[PDB]
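Single chain ahead, written as structure tokens, the form deposited in one PDB entry.
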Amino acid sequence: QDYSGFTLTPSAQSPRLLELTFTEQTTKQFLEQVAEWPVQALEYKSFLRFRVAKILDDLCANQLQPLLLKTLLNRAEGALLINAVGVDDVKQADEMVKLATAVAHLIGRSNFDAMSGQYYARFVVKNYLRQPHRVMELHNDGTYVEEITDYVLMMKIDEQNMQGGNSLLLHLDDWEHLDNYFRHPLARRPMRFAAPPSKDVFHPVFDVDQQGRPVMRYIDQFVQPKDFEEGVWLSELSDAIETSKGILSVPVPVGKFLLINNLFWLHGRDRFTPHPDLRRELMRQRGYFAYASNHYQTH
């Protein structure tokens, strides 16, 4: 299991989460070969996101794309942590954005992001939610729209005078309370979802895949229980997730990013220590799967 242009190894936290590192040579060739397109050009022309994607897959002998797809579609795995040797300082923020864009567009397409107005977003924490000193709860993304979100991506840009603040993760077949909530009649009841500042949507909190196994579509801030029966059941569901013993805690140094299957993984973030001269900065992307396979058709 040795690949062309990168190395792949299980993480220190779980065998379901794989670490993928691009070599110093692959890194410096990719940055040379995309130096003519600044970050502003990727924002303007979306076919260029698939072009820098092909450039990176070609530099890895067309082994990157089927590997990313097999890993993200395998019920037993479904998640990755990614970096490139030599890209690791806040003064290299532009190079970091280019690298994350190429990986996403081998597996599908990244959707528009309302908070930045682009296909990605950057934000700073001092002294999503930028509230220091508290934990961010585990959730799926994309629950408040009709089309399914298949994947989520998150990258670290700067860090100064900083203690704490790791990322958190949870897989459904590691969640000890799945069968109890899935066999409840409310697991198959469609419910309402809504975000703060368009239209509301209706779907169950659980569904099944093609073989009959469970998948989830949940976040505490945006689900809207219609009555006391739904609302109590959901607050019990929230506690059963946040106190799960299956949660992973992952540091993300300046230069690295996570990428996960959004149907059977959830994610979040830990609290940190205050300091008068503290600084932290992040970047994110989200989207759907699209790929080739052999199946029936007519005419």
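The term rigid core refers to the maximal set of C-alpha atoms that superpose within 1.5 Å between the two forms. Numbering starts at 1 and runs along the sequence shown.
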| query | finding |
| --- | --- |
| Residue 130 coordinate gap across at least a third of other entries | yes |
| Across other compared entries, residue 225 missing in at least a third | no |
| Interresidue gap class [residue 127, residue 128; deposited sequence, unmodelled] | 4 to 9 |
| Where residue 197 meets residue 198 in the shown sequence, the number of deposited residues left unmodelled | 4 to 9 |
| Which of 130-138 and 154-162 has higher mean CA B factor, as the PDB entry lists it | 130-138 |
| Mean C-alpha B-factor comparison - 118-126 and 201-209, higher one | 118-126 |
| Residue of maximum C-alpha B factor among 235, 261, 273, 46, per deposited coordinates | 273 |
| Relative C-alpha B-factor of residue 26, binned into the chain's lowest, middle or highest third | highest |
| Third assignment of residue 180 from its chain's C-alpha B-factors | highest |
| Chain thirds of CA B-factor: placement of residue 33 | highest |
| Record-listed C-alpha B factor of residue 285: chain third | lowest |
| Third of chain Cα B-factors occupied by residue 269 | highest |
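The next section is about a form of this same protein that is not shown, the form deposited in another entry.
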query: Rigid-core frame, C-alpha of residue 274, shift of 2 angstroms or more between this form and the one not shown; finding: yes
